[PDB]
$ cat coords_22.txt   # compact mmCIF, C-alpha atoms
# COMPACT_ATOMS: atom_id res chain seq x y z
CA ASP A 81 80.52 90.66 94.55
CA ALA A 82 81.08 90.44 98.28
CA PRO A 83 82.78 87.42 99.86
CA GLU A 84 79.79 87.55 102.22
CA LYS A 85 77.54 87.26 99.17
CA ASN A 86 79.36 84.28 97.67
CA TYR A 87 79.72 82.62 101.09
CA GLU A 88 76.04 82.80 102.04
CA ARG A 89 74.98 82.02 98.45
CA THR A 90 77.21 78.93 98.55
CA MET A 91 75.56 77.88 101.81
CA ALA A 92 72.12 78.27 100.24
CA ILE A 93 73.18 76.18 97.22
CA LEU A 94 74.61 73.52 99.54
CA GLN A 95 71.40 73.40 101.60
CA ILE A 96 69.19 72.97 98.52
CA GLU A 97 71.42 70.34 96.90
CA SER A 98 71.93 68.43 100.17
CA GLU A 99 68.17 68.29 100.76
CA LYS A 100 67.64 67.07 97.19
CA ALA A 101 70.32 64.40 97.62
CA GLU A 102 68.78 63.15 100.87
CA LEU A 103 65.37 63.04 99.22
CA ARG A 104 66.78 61.12 96.25
CA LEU A 105 68.16 58.51 98.65
CA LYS A 106 64.74 58.40 100.34
CA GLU A 107 63.14 58.05 96.88
CA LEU A 108 65.28 54.99 96.16
CA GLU A 109 64.55 53.41 99.54
CA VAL A 110 60.78 54.05 99.28
CA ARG A 111 60.71 52.49 95.80
CA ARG A 112 62.66 49.47 97.08
CA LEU A 113 60.28 48.94 100.00
CA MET A 114 57.18 49.40 97.83
CA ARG A 115 58.30 46.91 95.20
CA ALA A 116 59.38 44.47 97.92
CA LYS A 117 56.43 44.66 100.33
CA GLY A 118 53.73 45.90 97.96
CA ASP A 119 51.79 47.80 100.64
CA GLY A 120 52.34 51.31 99.28
CA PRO A 121 50.32 53.30 96.74
CA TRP A 122 52.88 52.60 94.02
CA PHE A 123 53.15 49.33 92.07
CA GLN A 124 49.46 48.53 92.66
CA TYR A 125 48.91 46.25 89.71
CA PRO A 126 45.17 45.75 89.30
CA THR A 127 43.32 42.70 90.56
CA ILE A 128 39.71 41.83 89.84
CA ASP A 129 37.07 44.37 90.85
CA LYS A 130 34.62 42.79 93.29
CA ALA A 131 31.84 45.09 92.07
CA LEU A 132 31.62 42.72 89.07
CA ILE A 133 30.20 39.82 91.11
CA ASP A 134 26.60 38.61 90.86
CA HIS A 135 25.28 37.98 94.38
CA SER A 136 21.71 37.14 93.35
CA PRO A 137 20.35 33.65 94.13
CA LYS A 138 21.35 31.25 91.37
CA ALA A 139 19.60 28.15 90.02
CA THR A 140 21.65 25.43 91.71
CA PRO A 141 22.26 26.03 95.42
CA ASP A 142 25.81 24.71 96.03
CA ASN A 143 27.80 27.88 95.37
CA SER B 3 107.08 100.20 107.15
CA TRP B 4 106.62 96.91 108.98
CA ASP B 5 107.25 95.28 112.36
CA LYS B 6 110.85 94.66 113.42
CA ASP B 7 109.78 91.85 115.77
CA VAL B 8 108.34 89.59 113.07
CA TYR B 9 111.10 90.77 110.68
CA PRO B 10 114.17 90.82 112.95
CA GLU B 11 117.05 93.02 111.83
CA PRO B 12 120.07 93.25 114.18
CA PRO B 13 121.73 96.65 114.76
CA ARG B 14 124.16 97.59 112.01
CA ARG B 15 127.68 98.33 113.25
CA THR B 16 129.45 100.19 110.50
CA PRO B 17 133.10 101.17 111.09
CA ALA B 18 134.41 104.70 110.91
CA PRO B 19 136.28 105.64 107.69
CA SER B 20 140.02 105.55 108.47
CA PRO B 21 141.97 106.78 105.43
CA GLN B 22 145.55 105.50 105.20
CA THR B 23 146.63 107.11 101.92
CA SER B 24 146.48 110.57 100.37
CA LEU B 25 144.80 109.46 97.13
CA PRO B 26 141.07 110.23 97.44
CA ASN B 27 138.52 107.52 96.91
CA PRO B 28 136.05 108.28 94.09
CA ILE B 29 133.19 106.79 96.09
CA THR B 30 132.59 109.69 98.47
CA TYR B 31 132.62 112.13 95.54
CA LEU B 32 130.17 109.86 93.72
CA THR B 33 128.05 109.74 96.89
CA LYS B 34 127.98 113.54 96.89
CA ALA B 35 127.14 113.58 93.16
CA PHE B 36 124.39 111.01 93.71
CA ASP B 37 123.04 113.05 96.62
CA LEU B 38 122.92 116.31 94.66
CA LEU B 39 121.96 115.11 91.17
CA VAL B 40 119.62 112.25 92.06
CA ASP B 41 118.63 111.85 95.72
CA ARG B 42 117.30 115.36 96.29
CA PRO B 43 115.11 115.58 93.11
CA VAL B 44 113.74 112.09 93.85
CA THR B 45 113.05 113.20 97.43
CA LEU B 46 111.35 116.40 96.21
CA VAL B 47 109.10 114.47 93.81
CA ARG B 48 108.23 112.13 96.69
CA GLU B 49 107.43 115.21 98.82
CA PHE B 50 105.02 116.51 96.16
CA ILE B 51 103.47 113.05 95.72
CA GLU B 52 103.01 112.65 99.47
CA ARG B 53 101.49 116.12 99.78
CA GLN B 54 98.99 114.95 97.18
CA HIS B 55 98.53 111.75 99.22
CA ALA B 56 97.79 113.76 102.36
CA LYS B 57 94.90 115.79 100.91
CA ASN B 58 92.64 112.70 100.89
CA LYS B 59 93.00 110.10 103.65
CA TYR B 60 91.12 106.81 103.61
CA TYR B 61 91.85 103.41 105.06
CA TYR B 62 91.75 99.77 104.07
CA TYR B 63 91.38 97.16 106.78
CA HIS B 64 92.41 93.61 107.55
CA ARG B 65 89.56 91.14 107.05
CA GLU B 66 88.93 89.56 110.45
CA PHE B 67 87.53 86.02 110.50
CA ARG B 68 85.85 84.89 113.70
CA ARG B 69 86.49 81.23 114.39
CA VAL B 70 83.62 79.00 113.25
CA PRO B 71 83.35 75.42 114.63
CA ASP B 72 86.10 73.24 113.15
CA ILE B 73 85.77 69.79 111.59
CA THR B 74 85.94 67.78 114.83
CA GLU B 75 82.69 69.27 116.16
CA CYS B 76 80.79 68.90 112.88
CA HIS B 77 78.35 66.08 112.25
CA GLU B 78 79.03 63.68 109.42
CA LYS B 79 77.76 64.55 105.91
CA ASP B 80 76.38 67.92 107.10
CA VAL B 81 77.60 70.24 104.35
CA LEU B 82 76.48 73.48 106.02
CA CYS B 83 78.78 72.96 109.01
CA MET B 84 81.68 71.20 107.33
CA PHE B 85 81.66 73.86 104.60
CA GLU B 86 82.36 76.44 107.32
CA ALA B 87 85.02 74.20 108.88
CA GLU B 88 86.48 73.65 105.39
CA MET B 89 86.83 77.37 104.68
CA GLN B 90 88.34 77.85 108.16
CA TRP B 91 90.86 75.07 107.52
CA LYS B 92 91.77 76.41 104.06
CA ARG B 93 92.37 79.89 105.46
CA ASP B 94 94.53 78.38 108.22
CA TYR B 95 96.34 76.44 105.48
CA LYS B 96 97.15 79.62 103.54
CA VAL B 97 98.18 81.46 106.71
CA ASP B 98 100.51 78.63 107.77
CA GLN B 99 102.00 78.61 104.26
CA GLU B 100 102.78 82.29 104.66
CA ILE B 101 104.22 81.63 108.14
CA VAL B 102 106.64 79.14 106.54
CA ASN B 103 107.46 81.81 103.94
CA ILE B 104 108.18 84.39 106.68
CA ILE B 105 110.53 82.00 108.46
CA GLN B 106 112.29 81.22 105.16
CA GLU B 107 112.72 84.96 104.57
CA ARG B 108 114.23 85.23 108.06
CA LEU B 109 116.63 82.36 107.29
CA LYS B 110 117.73 83.76 103.92
CA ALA B 111 118.15 87.29 105.32
CA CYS B 112 120.26 85.88 108.17
CA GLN B 113 122.47 83.86 105.81
CA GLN B 114 123.08 86.95 103.73
CA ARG B 115 123.62 89.44 106.55
CA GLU B 116 125.99 87.28 108.59
CA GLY B 117 128.51 86.98 105.74
CA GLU B 118 130.80 83.95 105.81
CA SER B 119 130.09 83.21 109.50
CA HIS B 120 126.46 82.36 108.66
CA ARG B 121 126.97 78.74 109.74
CA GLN B 122 127.67 79.95 113.29
CA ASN B 123 125.63 83.15 113.52
CA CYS B 124 122.28 81.74 112.32
CA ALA B 125 121.60 79.11 114.96
CA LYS B 126 118.29 80.48 116.25
CA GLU B 127 116.96 81.14 112.73
CA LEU B 128 117.84 77.62 111.55
CA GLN B 129 116.36 76.18 114.76
CA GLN B 130 113.05 78.03 114.28
CA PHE B 131 113.07 77.07 110.59
CA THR B 132 113.58 73.38 111.39
CA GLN B 133 110.76 73.54 113.96
CA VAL B 134 108.29 75.22 111.60
CA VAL B 135 109.16 72.85 108.73
CA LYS B 136 108.72 69.87 111.07
CA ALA B 137 105.35 71.22 112.21
CA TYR B 138 104.21 71.95 108.64
CA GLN B 139 105.28 68.46 107.52
CA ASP B 140 103.44 66.87 110.44
CA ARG B 141 100.35 68.92 109.63
CA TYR B 142 99.80 69.38 105.89
CA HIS B 143 102.29 67.18 104.01
CA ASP B 144 101.19 64.15 101.93
CA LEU B 145 97.52 65.21 101.82
CA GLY B 146 97.43 65.16 98.02
CA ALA B 147 96.01 67.75 95.68
CA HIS B 148 92.41 67.03 96.77
CA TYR B 149 93.23 68.25 100.28
CA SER B 150 90.40 68.90 102.71
CA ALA B 151 89.66 69.01 106.42
CA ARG B 152 88.87 65.29 106.49
CA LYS B 153 92.28 64.41 105.02
CA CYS B 154 94.14 66.50 107.59
CA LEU B 155 91.98 65.14 110.43
CA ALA B 156 92.61 61.54 109.36
CA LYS B 157 96.34 62.23 109.04
CA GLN B 158 96.33 63.71 112.55
CA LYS B 159 94.48 60.65 113.87
CA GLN B 160 96.93 58.26 112.18
CA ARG B 161 99.89 60.17 113.64
CA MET B 162 98.27 60.14 117.08
CA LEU B 163 97.70 56.38 116.85
CA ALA B 164 101.39 55.99 116.00
CA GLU B 165 102.32 58.18 118.98
CA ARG B 166 99.96 56.27 121.29
CA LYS B 167 101.47 52.93 120.23
CA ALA B 168 104.98 54.39 120.59
CA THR B 169 104.29 55.59 124.14
CA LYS B 170 102.51 52.33 125.00
CA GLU B 171 105.41 50.17 123.78
CA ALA B 172 107.95 52.37 125.65
CA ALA B 173 106.36 52.31 129.10

$ encode --input "coords_22.txt" --output "structure tokens"
Amino acid sequence: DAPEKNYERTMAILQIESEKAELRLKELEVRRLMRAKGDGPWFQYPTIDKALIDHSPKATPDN
Amino acid sequence: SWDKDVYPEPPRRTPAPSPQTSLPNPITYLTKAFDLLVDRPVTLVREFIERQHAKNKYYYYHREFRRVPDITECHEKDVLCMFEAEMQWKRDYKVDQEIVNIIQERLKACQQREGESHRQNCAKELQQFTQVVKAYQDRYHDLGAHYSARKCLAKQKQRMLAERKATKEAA
């Protein structure tokens, strides 16, 4: 094959692998910030649904 | 053939044959026998071969590399630019290796062709050889077998810090 072919093919391989490596580092940092701060869509461990609450008037009023 | 400026060969001064005795040397008769028996049939076969070479003429070229940006004007961890600078530096590494080989060939050819007076009559060749070995040792020596553009750049920076401290302490 041409040295042009191997050269430009090497540059394409290096672009794809460098972008994947940068996105893996971003993946680690996003997971760290979402476990630490808890404000991302990941690690949303479920709390109690507030559609389960009775809001009708009860029998004793202090509630 | 080649260039006589990159491969210097001084003019040969052969003396004229001055025979002192009447006994003939065998060497001129052997030169005649080598010319008739050997040199002319070899030359005729080369003539036929070169007439077959001349019927089809095509050319190979020297691969020219335009200079890409080197490692000093590349950003850090950018593999697309420092790959180009790395290939540039490796090609310059091979070319400088062959420059050192050319100057060694000059030195060895001088030491052979100047006979026993090669200690006197090879001053310029030894001077150029010492300069190119000093430059090659400043540039590429001690990089290790994982050599790269970063290693050579850091070696250059360490040498320039040593030179800056040496000029600062001597001023």

$ interface_residues --input "coords_22.txt" --of "chain A" --to "chain B" --cutoff "7 Å" --atoms "all atoms listed in the file" --output "MDAnalysis selection string"
chainID A and resid 91 94:95

$ closest_residue --input "coords_22.txt" --among "B:56, B:147, B:70, B:40" --to "residue 93 in chain B" --atoms "all atoms listed in the file"
B:70

$ closest_residue --input "coords_22.txt" --among "B:30, B:130, B:16, B:22" --to "residue 101 in chain B" --atoms "all atoms listed in the file"
B:130

$ residues_around --input "coords_22.txt" --residues "residue 84 in chain A" --least-positions-apart "5" --cutoff "12 Å" --atoms "all atoms listed in the file" --output "PyMOL selection string"
(chain A and resi 89-91) or (chain B and resi 65+67)

$ atom_distance --input "coords_22.txt" --atom1 "CA of residue 152 in chain B" --atom2 "CA of residue 91 in chain B"
10.0 Å

$ atom_distance --input "coords_22.txt" --atom1 "CA of residue 143 in chain B" --atom2 "CA of residue 72 in chain B"
19.6 Å
